[PDB]
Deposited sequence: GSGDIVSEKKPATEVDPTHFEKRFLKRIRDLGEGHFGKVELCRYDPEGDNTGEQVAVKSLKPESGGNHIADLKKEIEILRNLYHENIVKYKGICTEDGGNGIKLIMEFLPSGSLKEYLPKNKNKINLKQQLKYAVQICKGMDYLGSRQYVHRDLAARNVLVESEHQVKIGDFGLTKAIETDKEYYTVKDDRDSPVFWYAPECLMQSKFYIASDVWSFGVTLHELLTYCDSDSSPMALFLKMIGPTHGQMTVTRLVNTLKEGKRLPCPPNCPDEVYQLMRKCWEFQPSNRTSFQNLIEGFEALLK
């Protein structure tokens, strides 16, 4: 018996957890005994791209870290089976738990995101989609990177992976090199982390989301990106979140050096946050 093989006959759908343009995540119970005592699992599938999900499955099957959602197996199109985190993403969790998640907890979540991302980069992968919606909450004390749908392998001795396609990109989390040349470096993930940190510090408030704040700064869906690149070239950046200490904001700003080669590393962020937590 292969513990990573989930038979369709016993994989029972319970309800939706979330959905995108092409992907879907559902809560299921894998219930071979048929009495509703089986383990609950999160199941990612595609809406009725298949090659992409097979690549994501193989990436996650080979990642093992406390701040990366656990791979459990497959159901064979194909479905990806993972552990289930009932608290969902930071985007759903933070607005409902502000009283519980103070600055000290926010900085510990920032450390955990950095550790999971640093592990990913050590494996020569660039995530390309780091945002609060992709950070899952295990508990009030732990977060995990929870999706790898856009993840690419950077070739050995190369510094970036080039992605040119017709798909909708999270442009308000993208570094200048991603917007201008579709080049993704590990440092491009650091830029996205700075935006995710801003979301975490604003408790994922929609009125002060990266998209809302950049749209206020820039003033059509087709001219948006050029005005965003120009704003970044001018040295403009997302403002300090409400009640965020300047020392935290300065670490966030080091994520957003214009050139990828000047940005902080994830390990330097971890050390900076650990110094503030002491």
property	result
Gaps in the model (deposited sequence, numbered from 1)	1-14, 63-67, 96-100, 244-245
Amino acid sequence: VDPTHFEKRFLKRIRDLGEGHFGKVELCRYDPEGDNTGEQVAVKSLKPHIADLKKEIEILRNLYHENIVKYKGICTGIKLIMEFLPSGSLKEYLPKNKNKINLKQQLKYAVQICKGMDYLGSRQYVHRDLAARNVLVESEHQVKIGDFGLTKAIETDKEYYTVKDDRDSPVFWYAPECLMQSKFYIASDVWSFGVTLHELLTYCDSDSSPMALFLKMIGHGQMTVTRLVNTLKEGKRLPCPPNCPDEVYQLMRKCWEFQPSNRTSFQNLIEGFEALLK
From here on, numbers count along this sequence of modelled residues.
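Definition used throughout: the rigid core is the maximal C-alpha set that superposes within 1.5 Å between two forms.
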{"property": "Between stretches 132-140 and 159-167, more displaced by Cα RMS in 9 other deposited structures of this protein (rigid core superposition)", "result": "159-167"}
{"property": "RMS Cα shift after core superposition in 9 other deposited structures of this protein, winner of 67-75 and 150-158", "result": "150-158"}
{"property": "Higher-B stretch (mean Cα B-factor, as the entry records it), 232-240 or 23-31", "result": "232-240"}
{"property": "124-132 or 156-164, whichever carries the higher mean Cα B-factor", "result": "156-164"}
{"property": "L201, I78, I81, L150, ranked by C-alpha B-factor: the highest one", "result": "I78"}
{"property": "Residue with highest C-alpha B-factor in the PDB entry, from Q142, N97, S206, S188", "result": "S206"}
{"property": "Cα B factor band for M223 (lowest, middle or highest third within the chain)", "result": "highest"}
{"property": "Chain thirds of CA B-factor: placement of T37", "result": "highest"}
{"property": "B-factor third for the C-alpha atom of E92 within its chain", "result": "highest"}
{"property": "B-factor third for the C-alpha atom of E58 within its chain", "result": "lowest"}
{"property": "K216, C-alpha B-factor rank within chain (lowest, middle or highest third)", "result": "highest"}
